[PDB]
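Note: the block below is final.pdb and it holds PDB, C-alpha atoms and all ligand atoms.
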MODEL        1
ATOM      1  CA  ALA A   1      18.224  15.603 -58.592
ATOM      2  CA  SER A   2      14.606  14.757 -59.480
ATOM      3  CA  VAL A   3      12.075  11.902 -59.498
ATOM      4  CA  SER A   4       8.761  11.234 -61.218
ATOM      5  CA  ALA A   5       5.532  10.093 -59.523
TER       6      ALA A   5
ATOM      7  CA  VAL B   1      -2.084  18.752 -65.661
ATOM      8  CA  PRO B   2       1.417  18.746 -67.196
ATOM      9  CA  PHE B   3       4.405  18.337 -64.837
ATOM     10  CA  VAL B   4       2.361  17.420 -61.750
ATOM     11  CA  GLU B   5       4.309  14.117 -61.518
ATOM     12  CA  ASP B   6       7.660  15.827 -61.340
ATOM     13  CA  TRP B   7       9.311  16.276 -58.010
ATOM     14  CA  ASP B   8      12.549  18.049 -57.244
ATOM     15  CA  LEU B   9      14.836  16.429 -54.566
ATOM     16  CA  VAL B  10      15.982  19.356 -52.438
ATOM     17  CA  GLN B  11      17.446  18.135 -49.174
ATOM     18  CA  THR B  12      18.862  15.045 -47.532
ATOM     19  CA  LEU B  13      16.625  14.138 -44.619
ATOM     20  CA  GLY B  14      18.460  11.009 -43.560
ATOM     21  CA  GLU B  15      21.105   8.517 -44.768
ATOM     22  CA  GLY B  16      22.187   5.058 -43.694
ATOM     23  CA  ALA B  17      23.086   1.609 -44.979
ATOM     24  CA  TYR B  18      19.404   1.291 -45.973
ATOM     25  CA  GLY B  19      19.868   4.187 -48.418
ATOM     26  CA  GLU B  20      18.624   7.764 -48.103
ATOM     27  CA  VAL B  21      15.482   9.817 -47.648
ATOM     28  CA  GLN B  22      15.147  13.148 -49.537
ATOM     29  CA  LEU B  23      12.698  16.000 -49.245
ATOM     30  CA  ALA B  24      10.796  16.084 -52.545
ATOM     31  CA  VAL B  25       8.820  19.181 -53.589
ATOM     32  CA  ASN B  26       6.225  18.979 -56.339
ATOM     33  CA  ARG B  27       7.150  20.941 -59.431
ATOM     34  CA  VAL B  28       3.650  22.275 -59.836
ATOM     35  CA  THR B  29       2.011  22.279 -56.446
ATOM     36  CA  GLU B  30       5.032  22.678 -54.155
ATOM     37  CA  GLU B  31       3.539  19.849 -52.008
ATOM     38  CA  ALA B  32       6.346  18.348 -49.933
ATOM     39  CA  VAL B  33       6.756  14.550 -49.386
ATOM     40  CA  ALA B  34       9.723  12.499 -48.301
ATOM     41  CA  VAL B  35      11.136   9.992 -50.798
ATOM     42  CA  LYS B  36      13.058   6.995 -49.505
ATOM     43  CA  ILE B  37      15.566   5.826 -52.145
ATOM     44  CA  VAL B  38      16.772   2.238 -52.087
ATOM     45  CA  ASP B  39      19.353   0.572 -54.321
ATOM     46  CA  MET B  40      18.340  -3.070 -54.433
ATOM     47  CA  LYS B  41      21.862  -3.917 -55.673
ATOM     48  CA  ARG B  42      23.419  -3.147 -52.281
ATOM     49  CA  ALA B  43      22.518  -6.520 -50.776
ATOM     50  CA  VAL B  44      21.325  -9.824 -52.212
ATOM     51  CA  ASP B  45      18.285  -9.767 -49.909
ATOM     52  CA  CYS B  46      17.526  -6.070 -50.201
ATOM     53  CA  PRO B  47      15.016  -7.060 -52.874
ATOM     54  CA  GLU B  48      12.904  -9.246 -50.571
ATOM     55  CA  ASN B  49      13.519  -6.868 -47.639
ATOM     56  CA  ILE B  50      12.273  -3.717 -49.360
ATOM     57  CA  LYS B  51       9.398  -5.656 -50.901
ATOM     58  CA  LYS B  52       8.357  -6.691 -47.382
ATOM     59  CA  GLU B  53       8.646  -3.132 -46.074
ATOM     60  CA  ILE B  54       6.444  -1.803 -48.914
ATOM     61  CA  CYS B  55       3.909  -4.598 -48.213
ATOM     62  CA  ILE B  56       3.725  -3.556 -44.607
ATOM     63  CA  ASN B  57       3.561   0.148 -45.355
ATOM     64  CA  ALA B  58       0.596  -0.514 -47.701
ATOM     65  CA  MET B  59      -1.364  -1.904 -44.794
ATOM     66  CA  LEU B  60      -1.055   1.220 -42.611
ATOM     67  CA  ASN B  61      -3.342   4.260 -42.294
ATOM     68  CA  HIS B  62      -3.187   6.083 -38.972
ATOM     69  CA  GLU B  63      -2.458   9.696 -37.913
ATOM     70  CA  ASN B  64       0.562   8.618 -35.785
ATOM     71  CA  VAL B  65       2.175   6.478 -38.473
ATOM     72  CA  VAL B  66       4.167   7.986 -41.390
ATOM     73  CA  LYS B  67       1.742   7.642 -44.274
ATOM     74  CA  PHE B  68       2.866   5.651 -47.349
ATOM     75  CA  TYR B  69       1.593   7.169 -50.701
ATOM     76  CA  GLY B  70       2.975   4.549 -53.103
ATOM     77  CA  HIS B  71       6.174   3.432 -54.734
ATOM     78  CA  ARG B  72       7.906   3.286 -58.097
ATOM     79  CA  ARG B  73      10.657   1.093 -59.403
ATOM     80  CA  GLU B  74      13.340   2.320 -61.767
ATOM     81  CA  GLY B  75      15.579  -0.578 -62.669
ATOM     82  CA  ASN B  76      17.485  -1.433 -59.498
ATOM     83  CA  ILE B  77      16.202   1.584 -57.596
ATOM     84  CA  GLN B  78      13.036   1.640 -55.474
ATOM     85  CA  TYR B  79      11.413   4.991 -54.609
ATOM     86  CA  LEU B  80       9.004   5.043 -51.650
ATOM     87  CA  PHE B  81       6.826   8.221 -51.342
ATOM     88  CA  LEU B  82       6.156   8.967 -47.646
ATOM     89  CA  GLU B  83       4.553  11.587 -45.473
ATOM     90  CA  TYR B  84       7.009  14.460 -44.855
ATOM     91  CA  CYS B  85       7.288  15.419 -41.141
ATOM     92  CA  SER B  86       8.764  18.903 -41.000
ATOM     93  CA  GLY B  87       9.534  18.908 -37.298
ATOM     94  CA  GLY B  88      12.170  16.194 -37.850
ATOM     95  CA  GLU B  89      13.121  13.606 -35.240
ATOM     96  CA  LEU B  90      11.948  13.329 -31.659
ATOM     97  CA  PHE B  91      15.674  12.568 -31.058
ATOM     98  CA  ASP B  92      16.435  16.252 -31.592
ATOM     99  CA  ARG B  93      13.878  17.500 -29.044
ATOM    100  CA  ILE B  94      15.556  15.619 -26.240
ATOM    101  CA  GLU B  95      18.058  17.824 -24.485
ATOM    102  CA  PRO B  96      21.102  15.944 -23.212
ATOM    103  CA  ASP B  97      20.798  15.306 -19.527
ATOM    104  CA  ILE B  98      17.623  17.271 -19.260
ATOM    105  CA  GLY B  99      15.023  15.595 -21.464
ATOM    106  CA  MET B 100      12.069  17.976 -22.120
ATOM    107  CA  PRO B 101       9.147  19.470 -20.165
ATOM    108  CA  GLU B 102       7.044  16.633 -18.581
ATOM    109  CA  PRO B 103       3.762  17.722 -20.165
ATOM    110  CA  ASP B 104       5.442  17.666 -23.608
ATOM    111  CA  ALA B 105       6.777  14.163 -22.936
ATOM    112  CA  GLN B 106       3.267  13.087 -21.823
ATOM    113  CA  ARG B 107       1.653  14.367 -25.023
ATOM    114  CA  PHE B 108       4.338  12.629 -27.187
ATOM    115  CA  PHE B 109       3.846   9.468 -25.083
ATOM    116  CA  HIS B 110       0.074   9.528 -25.678
ATOM    117  CA  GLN B 111       0.669   9.840 -29.442
ATOM    118  CA  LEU B 112       3.230   7.034 -29.435
ATOM    119  CA  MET B 113       0.771   4.741 -27.605
ATOM    120  CA  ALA B 114      -1.927   5.612 -30.149
ATOM    121  CA  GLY B 115       0.311   4.601 -33.079
ATOM    122  CA  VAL B 116       1.564   1.505 -31.289
ATOM    123  CA  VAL B 117      -1.976   0.396 -30.363
ATOM    124  CA  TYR B 118      -2.895   0.858 -34.001
ATOM    125  CA  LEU B 119       0.014  -1.238 -35.314
ATOM    126  CA  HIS B 120      -0.550  -4.064 -32.800
ATOM    127  CA  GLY B 121      -4.280  -3.950 -33.622
ATOM    128  CA  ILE B 122      -3.532  -4.922 -37.212
ATOM    129  CA  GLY B 123      -0.923  -7.434 -36.132
ATOM    130  CA  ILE B 124       2.247  -5.523 -36.960
ATOM    131  CA  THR B 125       5.170  -5.070 -34.613
ATOM    132  CA  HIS B 126       7.742  -2.334 -35.301
ATOM    133  CA  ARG B 127      10.721  -3.958 -33.433
ATOM    134  CA  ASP B 128      12.973  -0.846 -33.388
ATOM    135  CA  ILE B 129      11.102   2.017 -31.688
ATOM    136  CA  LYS B 130      13.503   4.807 -30.571
ATOM    137  CA  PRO B 131      13.591   8.641 -30.831
ATOM    138  CA  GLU B 132      15.492   8.542 -34.093
ATOM    139  CA  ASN B 133      12.409   6.821 -35.735
ATOM    140  CA  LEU B 134       9.612   8.897 -34.109
ATOM    141  CA  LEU B 135       9.094  11.935 -36.337
ATOM    142  CA  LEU B 136       7.196  15.179 -35.823
ATOM    143  CA  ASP B 137       4.984  17.126 -38.216
ATOM    144  CA  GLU B 138       4.529  20.909 -38.376
ATOM    145  CA  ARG B 139       2.229  20.792 -35.287
ATOM    146  CA  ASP B 140       4.494  18.474 -33.316
ATOM    147  CA  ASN B 141       2.265  15.451 -33.890
ATOM    148  CA  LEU B 142       4.247  12.205 -33.522
ATOM    149  CA  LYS B 143       4.465   9.713 -36.394
ATOM    150  CA  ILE B 144       6.177   6.330 -36.198
ATOM    151  CA  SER B 145       8.592   5.764 -39.103
ATOM    152  CA  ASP B 146      10.869   3.136 -40.652
ATOM    153  CA  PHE B 147       9.191  -0.244 -41.053
ATOM    154  CA  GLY B 148      12.384  -1.840 -42.268
ATOM    155  CA  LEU B 149      12.360  -4.222 -39.259
ATOM    156  CA  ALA B 150       8.592  -4.513 -38.953
ATOM    157  CA  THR B 151       6.870  -7.872 -39.193
ATOM    158  CA  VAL B 152       3.498  -9.616 -38.786
ATOM    159  CA  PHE B 153       3.006 -11.182 -35.364
ATOM    160  CA  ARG B 154      -0.746 -11.864 -35.667
ATOM    161  CA  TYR B 155      -2.646 -13.179 -38.620
ATOM    162  CA  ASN B 156      -6.077 -14.818 -38.820
ATOM    163  CA  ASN B 157      -6.460 -14.297 -35.066
ATOM    164  CA  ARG B 158      -3.371 -16.446 -34.346
ATOM    165  CA  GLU B 159      -0.205 -15.063 -32.759
ATOM    166  CA  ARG B 160       3.239 -16.051 -34.087
ATOM    167  CA  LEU B 161       5.991 -15.975 -31.414
ATOM    168  CA  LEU B 162       9.132 -14.165 -32.552
ATOM    169  CA  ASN B 163      12.773 -15.277 -32.318
ATOM    170  CA  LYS B 164      14.745 -12.866 -34.488
ATOM    171  CA  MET B 165      17.283 -10.854 -32.441
ATOM    172  CA  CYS B 166      16.865  -7.268 -33.769
ATOM    173  CA  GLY B 167      16.264  -3.659 -32.570
ATOM    174  CA  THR B 168      18.821  -1.354 -30.826
ATOM    175  CA  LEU B 169      20.475  -2.483 -27.667
ATOM    176  CA  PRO B 170      19.590   0.369 -25.215
ATOM    177  CA  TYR B 171      15.933   0.111 -26.270
ATOM    178  CA  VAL B 172      15.638  -3.684 -26.554
ATOM    179  CA  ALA B 173      13.639  -5.838 -24.088
ATOM    180  CA  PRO B 174      15.574  -8.245 -21.846
ATOM    181  CA  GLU B 175      13.752 -11.350 -23.070
ATOM    182  CA  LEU B 176      15.427 -10.980 -26.535
ATOM    183  CA  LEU B 177      18.807 -11.398 -24.824
ATOM    184  CA  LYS B 178      17.693 -14.332 -22.605
ATOM    185  CA  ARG B 179      14.943 -16.351 -24.339
ATOM    186  CA  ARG B 180      14.808 -18.235 -27.595
ATOM    187  CA  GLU B 181      11.226 -17.118 -28.385
ATOM    188  CA  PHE B 182       9.120 -14.192 -27.104
ATOM    189  CA  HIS B 183       5.825 -12.408 -27.616
ATOM    190  CA  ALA B 184       6.039  -9.374 -29.859
ATOM    191  CA  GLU B 185       3.828  -6.870 -28.048
ATOM    192  CA  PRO B 186       5.792  -6.600 -24.777
ATOM    193  CA  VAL B 187       9.000  -5.892 -26.699
ATOM    194  CA  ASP B 188       7.496  -2.791 -28.353
ATOM    195  CA  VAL B 189       6.020  -1.744 -24.978
ATOM    196  CA  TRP B 190       9.548  -1.896 -23.483
ATOM    197  CA  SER B 191      11.231   0.239 -26.111
ATOM    198  CA  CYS B 192       8.355   2.805 -25.615
ATOM    199  CA  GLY B 193       9.279   2.839 -21.847
ATOM    200  CA  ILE B 194      12.997   3.563 -22.712
ATOM    201  CA  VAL B 195      11.851   6.336 -25.086
ATOM    202  CA  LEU B 196       9.800   7.794 -22.194
ATOM    203  CA  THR B 197      12.869   7.564 -19.883
ATOM    204  CA  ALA B 198      14.983   9.481 -22.466
ATOM    205  CA  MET B 199      12.314  12.150 -22.914
ATOM    206  CA  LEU B 200      12.088  12.761 -19.141
ATOM    207  CA  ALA B 201      15.846  12.501 -18.232
ATOM    208  CA  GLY B 202      17.794  13.210 -21.458
ATOM    209  CA  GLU B 203      19.874  10.027 -21.012
ATOM    210  CA  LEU B 204      19.423   6.248 -21.641
ATOM    211  CA  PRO B 205      19.341   4.134 -18.484
ATOM    212  CA  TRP B 206      21.671   1.355 -19.644
ATOM    213  CA  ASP B 207      23.851   0.098 -22.497
ATOM    214  CA  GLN B 208      21.667  -3.132 -22.538
ATOM    215  CA  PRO B 209      19.208  -4.860 -20.187
ATOM    216  CA  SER B 210      21.484  -7.601 -18.873
ATOM    217  CA  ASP B 211      22.557  -8.350 -15.269
ATOM    218  CA  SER B 212      26.131  -7.772 -16.413
ATOM    219  CA  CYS B 213      25.299  -4.121 -16.971
ATOM    220  CA  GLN B 214      25.582  -2.352 -13.602
ATOM    221  CA  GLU B 215      22.967   0.259 -14.451
ATOM    222  CA  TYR B 216      20.350  -2.455 -15.242
ATOM    223  CA  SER B 217      21.167  -4.359 -12.064
ATOM    224  CA  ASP B 218      20.789  -1.133 -10.054
ATOM    225  CA  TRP B 219      17.298  -0.622 -11.536
ATOM    226  CA  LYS B 220      16.289  -4.128 -10.661
ATOM    227  CA  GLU B 221      17.416  -3.378  -7.108
ATOM    228  CA  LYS B 222      15.244  -0.248  -7.119
ATOM    229  CA  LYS B 223      18.045   2.248  -6.628
ATOM    230  CA  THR B 224      15.961   5.121  -7.887
ATOM    231  CA  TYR B 225      18.019   7.756  -6.071
ATOM    232  CA  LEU B 226      20.506   7.233  -8.943
ATOM    233  CA  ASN B 227      20.183   8.809 -12.429
ATOM    234  CA  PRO B 228      18.220   8.792 -14.651
ATOM    235  CA  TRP B 229      15.494   7.891 -12.181
ATOM    236  CA  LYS B 230      16.151  10.677  -9.664
ATOM    237  CA  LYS B 231      15.352  13.192 -12.380
ATOM    238  CA  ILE B 232      11.871  11.718 -12.992
ATOM    239  CA  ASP B 233       8.936  12.751 -10.905
ATOM    240  CA  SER B 234       7.115  10.145  -8.884
ATOM    241  CA  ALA B 235       3.984   9.732 -11.078
ATOM    242  CA  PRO B 236       5.812   8.932 -14.343
ATOM    243  CA  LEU B 237       8.405   6.914 -12.429
ATOM    244  CA  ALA B 238       5.567   4.700 -11.100
ATOM    245  CA  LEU B 239       4.570   4.094 -14.755
ATOM    246  CA  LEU B 240       8.211   3.272 -15.711
ATOM    247  CA  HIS B 241       8.274   0.794 -12.827
ATOM    248  CA  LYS B 242       5.348  -1.090 -14.525
ATOM    249  CA  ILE B 243       6.741  -0.929 -18.061
ATOM    250  CA  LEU B 244      10.411  -1.823 -17.387
ATOM    251  CA  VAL B 245       9.639  -5.158 -15.769
ATOM    252  CA  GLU B 246      12.012  -7.984 -16.773
ATOM    253  CA  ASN B 247       9.328 -10.687 -16.976
ATOM    254  CA  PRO B 248       7.372  -9.832 -20.199
ATOM    255  CA  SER B 249       4.362 -11.691 -18.900
ATOM    256  CA  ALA B 250       4.172  -9.460 -15.813
ATOM    257  CA  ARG B 251       4.932  -6.292 -17.815
ATOM    258  CA  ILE B 252       2.117  -3.800 -18.144
ATOM    259  CA  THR B 253       0.128  -3.987 -21.390
ATOM    260  CA  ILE B 254      -1.027  -0.965 -23.363
ATOM    261  CA  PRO B 255      -4.691  -1.191 -22.244
ATOM    262  CA  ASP B 256      -3.356  -0.849 -18.644
ATOM    263  CA  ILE B 257      -0.854   1.920 -19.566
ATOM    264  CA  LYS B 258      -3.918   3.859 -20.791
ATOM    265  CA  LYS B 259      -5.382   3.555 -17.262
ATOM    266  CA  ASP B 260      -2.241   4.713 -15.508
ATOM    267  CA  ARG B 261      -2.393   7.662 -13.098
ATOM    268  CA  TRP B 262       0.414   9.641 -14.742
ATOM    269  CA  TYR B 263      -0.923   8.879 -18.186
ATOM    270  CA  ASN B 264      -4.267  10.449 -17.283
ATOM    271  CA  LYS B 265      -3.004  13.452 -15.247
ATOM    272  CA  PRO B 266      -4.006  16.783 -16.889
ATOM    273  CA  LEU B 267      -0.594  18.457 -17.523
ATOM    274  CA  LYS B 268      -0.401  19.871 -21.039
ATOM    275  CA  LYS B 269      -2.246  22.927 -22.361
ATOM    276  CA  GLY B 270      -3.546  22.811 -25.931
ATOM    277  CA  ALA B 271      -1.408  24.669 -28.482
TER     278      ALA B 271
HETATM  279  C1  LIG C   1      19.504  18.856 -37.736
HETATM  280  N1  LIG C   1      18.670  18.127 -38.763
HETATM  281  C2  LIG C   1      18.657  16.662 -38.445
HETATM  282  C3  LIG C   1      17.640  15.911 -39.380
HETATM  283  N2  LIG C   1      16.298  16.544 -39.362
HETATM  284  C4  LIG C   1      15.288  15.751 -40.017
HETATM  285  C5  LIG C   1      14.141  16.359 -40.613
HETATM  286  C6  LIG C   1      13.143  15.572 -41.230
HETATM  287  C7  LIG C   1      13.282  14.132 -41.294
HETATM  288  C8  LIG C   1      12.227  13.310 -41.935
HETATM  289  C9  LIG C   1      11.035  13.955 -42.369
HETATM  290  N3  LIG C   1       9.972  13.343 -42.928
HETATM  291  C10 LIG C   1      10.101  12.009 -43.098
HETATM  292  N4  LIG C   1       9.193  11.131 -43.643
HETATM  293  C11 LIG C   1       9.720   9.830 -43.638
HETATM  294  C12 LIG C   1      10.966   9.873 -43.087
HETATM  295  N5  LIG C   1      11.886   8.846 -42.861
HETATM  296  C13 LIG C   1      11.598   7.563 -43.154
HETATM  297  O1  LIG C   1      10.527   7.179 -43.570
HETATM  298  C14 LIG C   1      12.678   6.549 -42.989
HETATM  299  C15 LIG C   1      13.971   6.890 -42.470
HETATM  300  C16 LIG C   1      14.984   5.842 -42.369
HETATM  301  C17 LIG C   1      14.634   4.538 -42.811
HETATM  302  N6  LIG C   1      13.393   4.207 -43.310
HETATM  303  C18 LIG C   1      12.453   5.197 -43.382
HETATM  304  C19 LIG C   1      11.232  11.256 -42.731
HETATM  305  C20 LIG C   1      12.349  11.885 -42.117
HETATM  306  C21 LIG C   1      14.441  13.516 -40.713
HETATM  307  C22 LIG C   1      15.402  14.303 -40.083
HETATM  308  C23 LIG C   1      16.381  17.966 -39.753
HETATM  309  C24 LIG C   1      17.313  18.753 -38.798
ENDMDL
END
Using structure tokens, write down the structure from this file.
Amino acid sequence: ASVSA
Amino acid sequence: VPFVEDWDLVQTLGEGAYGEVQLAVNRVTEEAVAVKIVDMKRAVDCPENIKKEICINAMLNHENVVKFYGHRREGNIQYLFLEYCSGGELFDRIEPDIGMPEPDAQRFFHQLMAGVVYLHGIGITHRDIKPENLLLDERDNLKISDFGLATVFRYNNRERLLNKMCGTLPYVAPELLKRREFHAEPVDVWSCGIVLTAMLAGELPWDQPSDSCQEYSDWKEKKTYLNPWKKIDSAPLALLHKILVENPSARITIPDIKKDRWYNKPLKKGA
């Protein structure tokens, strides 16, 4: 799992 | 700098009907932040609710409040980037039926008052203070978290009385169970007094502050030879006697808690 800023 | 906006989600910090909070580590810098993830599709009003919580978080900037860095929407999902507190929850530093060393409780209580004074100073009440929501950083500094129930009680120098029944029963003030409207500030002062009781005794004094609850009646009748009170030394117990007062208008305010004898007793050595 990942997310962008 | 390529990739500096990429964050890997590496650990579940918390979960609940509100959604989840994950530990996010920057792909490039390895900076760690917590990311609260909310699915606005879970409830019809989640949209307005989370929007309110972001609005409130944007107003806050204090060392004893979980800092809010910004947010990003992705369709129906909202991502809130928040200060990561590596020491976890104050909840987990409270030993069952023991509590924690009094000087440690005093230092956490000072830090909690600082954050609550800050919030009330800008007109925000938290409405659900308890150990599960008071987080600790790498140096054991306390930071108030979760503004999902927070609301404005003062705006343009005018106070709005509250009427919403909310919070958590063992920590909630008695006036929410007996009165239609109430001032906000004394309710947060009350939950801070139950948090102090838990830190010094490792147990909550009552299921709820109603006469029907034997433990609450016993307190009103000053039976302090019973637990949790018998486990608390006299100086902090004198402070709890001023905070856990049923009438919110007679209850001690924070400026007077700051002048309390126990509050000012030198007890805790620096790290
Ligand atoms: C045993 N194990 C138990 C858990 N511990 C544990 C360790 C770290 C954290 C933790 C750390 N940093 C945080 N920043 C913001 C948080 N939460 C929020 O902002 C927030 C939370 C709910 C609703 N709304 C907002 C948050 C929670 C929690 C538990 C680690 C050890």
When you draw a straight line from CA of residue 183 in chain B to CA of residue 114 in chain B, how long is it in Å? 19.8 Å
So that I can check the surroundings of residue 182 in chain B, please list as a PyMOL selection string every protein, DNA and RNA residue that reaches within 10 Å of it, counting all atoms listed in the file and ignoring chain neighbours fewer than 5 positions away. chain B and resi 160-164+173+175-176+187+248-249
Would you kindly translate the PyMOL selection byres (((chain A and resi 1) around 10) and not hetatm) into the concrete residues it picks from this file, as a PyMOL selection string? (chain A and resi 2-3) or (chain B and resi 7-11+22+24)
Selection export as an mmCIF file, keeping the file's coordinate frame, atoms kept: C-alpha atoms:
data_model
loop_
_atom_site.group_PDB
_atom_site.id
_atom_site.type_symbol
_atom_site.label_atom_id
_atom_site.label_comp_id
_atom_site.auth_asym_id
_atom_site.auth_seq_id
_atom_site.Cartn_x
_atom_site.Cartn_y
_atom_site.Cartn_z
ATOM 1 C CA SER A 2 14.606 14.757 -59.480
ATOM 2 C CA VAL A 3 12.075 11.902 -59.498
ATOM 3 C CA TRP B 7 9.311 16.276 -58.010
ATOM 4 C CA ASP B 8 12.549 18.049 -57.244
ATOM 5 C CA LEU B 9 14.836 16.429 -54.566
ATOM 6 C CA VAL B 10 15.982 19.356 -52.438
ATOM 7 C CA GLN B 11 17.446 18.135 -49.174
ATOM 8 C CA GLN B 22 15.147 13.148 -49.537
ATOM 9 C CA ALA B 24 10.796 16.084 -52.545
#
I'd like to know which of B:54, B:228, B:79, B:40 is closest to chain A, using all atoms listed in the file.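 For chain A, the nearest of the given residues is B:79.
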Contacts of residue 5 in chain A within 10 Å, all atoms listed in the file, excl. fewer than 3 positions in-chain, as a VMD selection string: chain B and resid 3 to 7 26 70 to 72 79 to 81
Grab the CA of residue 217 in chain B to CA of residue 128 in chain B distance for me, in Å with one decimal place.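 CA of residue 217 in chain B sits 23.1 Å away from CA of residue 128 in chain B.
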What does the list of residues within 10 Å of ligand LIG 1 (chain C) look like if you count only C-alpha atoms and all ligand atoms, written as a count of residues only? 51
In Å, how far is it from CA of residue 214 in chain B to CA of residue 242 in chain B?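 Computing the Euclidean distance for CA of residue 214 in chain B and CA of residue 242 in chain B yields 20.3 Å.
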Nearby residues (all atoms listed in the file) at most 12 Å from residue 115 in chain B, same-chain spacing under 4 positions excluded, as a PyMOL selection string: chain B and resi 60-67+108-111+119-122+124-126+129+134-135+141-145+188-189+192+254
Write out the residues from the selection above, keeping C-alpha atoms, as a compact mmCIF listing (two decimals), in the frame of the given file.
# COMPACT_ATOMS: atom_id res chain seq x y z
CA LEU B 60 -1.06 1.22 -42.61
CA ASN B 61 -3.34 4.26 -42.29
CA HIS B 62 -3.19 6.08 -38.97
CA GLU B 63 -2.46 9.70 -37.91
CA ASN B 64 0.56 8.62 -35.78
CA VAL B 65 2.17 6.48 -38.47
CA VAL B 66 4.17 7.99 -41.39
CA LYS B 67 1.74 7.64 -44.27
CA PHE B 108 4.34 12.63 -27.19
CA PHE B 109 3.85 9.47 -25.08
CA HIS B 110 0.07 9.53 -25.68
CA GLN B 111 0.67 9.84 -29.44
CA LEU B 119 0.01 -1.24 -35.31
CA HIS B 120 -0.55 -4.06 -32.80
CA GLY B 121 -4.28 -3.95 -33.62
CA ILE B 122 -3.53 -4.92 -37.21
CA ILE B 124 2.25 -5.52 -36.96
CA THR B 125 5.17 -5.07 -34.61
CA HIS B 126 7.74 -2.33 -35.30
CA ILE B 129 11.10 2.02 -31.69
CA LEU B 134 9.61 8.90 -34.11
CA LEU B 135 9.09 11.94 -36.34
CA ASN B 141 2.26 15.45 -33.89
CA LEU B 142 4.25 12.20 -33.52
CA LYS B 143 4.46 9.71 -36.39
CA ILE B 144 6.18 6.33 -36.20
CA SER B 145 8.59 5.76 -39.10
CA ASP B 188 7.50 -2.79 -28.35
CA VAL B 189 6.02 -1.74 -24.98
CA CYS B 192 8.36 2.80 -25.62
CA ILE B 254 -1.03 -0.96 -23.36
With the file shown as input, list the residues that the PyMOL selection byres (((chain B and resi 260-271) around 6) and not hetatm) selects, as number ranges by chain. B: 103, 235-236, 257-259
Fewer than 2 positions away in the same chain doesn't count, so skip those; otherwise give me all residues within 8 Å of residue 169 in chain B, counting all atoms listed in the file, as a VMD selection string. chain B and resid 167 171 to 172 207 to 209
With C-alpha atoms retained, could you export that selection as a short mmCIF file (atom, residue, chain, number, x, y, z; two decimals), in the frame of the given file?
data_model
loop_
_atom_site.label_atom_id
_atom_site.label_comp_id
_atom_site.auth_asym_id
_atom_site.auth_seq_id
_atom_site.Cartn_x
_atom_site.Cartn_y
_atom_site.Cartn_z
CA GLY B 167 16.26 -3.66 -32.57
CA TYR B 171 15.93 0.11 -26.27
CA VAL B 172 15.64 -3.68 -26.55
CA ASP B 207 23.85 0.10 -22.50
CA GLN B 208 21.67 -3.13 -22.54
CA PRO B 209 19.21 -4.86 -20.19
#
Under the rule that all atoms listed in the file are counted, which of B:218, B:185, B:102, B:74 is the nearest residue to residue 4 in chain A? B:74
Centre and size of axis-aligned box enclosing range 174-186 of chain B plus 6 Å each side, as AutoDock Vina command-line options:
--center_x 11.3 --center_y -12.4 --center_z -25.9 --size_x 27.0 --size_y 23.6 --size_z 20.0
Final N, CA, C and O atoms of range 249-256 of chain B as a PDB file, keeping the file's coordinate frame:
ATOM      1  N   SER B 249       5.708 -11.302 -19.224  1.00  0.00           N
ATOM      2  CA  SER B 249       4.362 -11.691 -18.900  1.00  0.00           C
ATOM      3  C   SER B 249       3.783 -10.886 -17.737  1.00  0.00           C
ATOM      4  O   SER B 249       2.566 -10.802 -17.599  1.00  0.00           O
ATOM      5  N   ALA B 250       4.647 -10.313 -16.925  1.00  0.00           N
ATOM      6  CA  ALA B 250       4.172  -9.460 -15.813  1.00  0.00           C
ATOM      7  C   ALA B 250       4.191  -7.968 -16.211  1.00  0.00           C
ATOM      8  O   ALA B 250       3.597  -7.053 -15.520  1.00  0.00           O
ATOM      9  N   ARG B 251       4.864  -7.697 -17.320  1.00  0.00           N
ATOM     10  CA  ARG B 251       4.932  -6.292 -17.815  1.00  0.00           C
ATOM     11  C   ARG B 251       3.554  -5.730 -18.169  1.00  0.00           C
ATOM     12  O   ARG B 251       2.625  -6.439 -18.665  1.00  0.00           O
ATOM     13  N   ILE B 252       3.379  -4.447 -17.893  1.00  0.00           N
ATOM     14  CA  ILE B 252       2.117  -3.800 -18.144  1.00  0.00           C
ATOM     15  C   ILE B 252       1.785  -3.854 -19.630  1.00  0.00           C
ATOM     16  O   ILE B 252       2.671  -3.764 -20.462  1.00  0.00           O
ATOM     17  N   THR B 253       0.467  -3.969 -19.964  1.00  0.00           N
ATOM     18  CA  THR B 253       0.128  -3.987 -21.390  1.00  0.00           C
ATOM     19  C   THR B 253      -0.367  -2.580 -21.722  1.00  0.00           C
ATOM     20  O   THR B 253      -0.607  -1.758 -20.829  1.00  0.00           O
ATOM     21  N   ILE B 254      -0.566  -2.321 -23.026  1.00  0.00           N
ATOM     22  CA  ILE B 254      -1.027  -0.965 -23.363  1.00  0.00           C
ATOM     23  C   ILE B 254      -2.425  -0.638 -22.774  1.00  0.00           C
ATOM     24  O   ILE B 254      -2.632   0.448 -22.262  1.00  0.00           O
ATOM     25  N   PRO B 255      -3.388  -1.561 -22.845  1.00  0.00           N
ATOM     26  CA  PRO B 255      -4.691  -1.191 -22.244  1.00  0.00           C
ATOM     27  C   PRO B 255      -4.547  -0.756 -20.770  1.00  0.00           C
ATOM     28  O   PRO B 255      -5.282   0.091 -20.334  1.00  0.00           O
ATOM     29  N   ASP B 256      -3.566  -1.295 -20.022  1.00  0.00           N
ATOM     30  CA  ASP B 256      -3.356  -0.849 -18.644  1.00  0.00           C
ATOM     31  C   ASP B 256      -2.475   0.460 -18.557  1.00  0.00           C
ATOM     32  O   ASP B 256      -2.656   1.288 -17.631  1.00  0.00           O
TER      33      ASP B 256
END
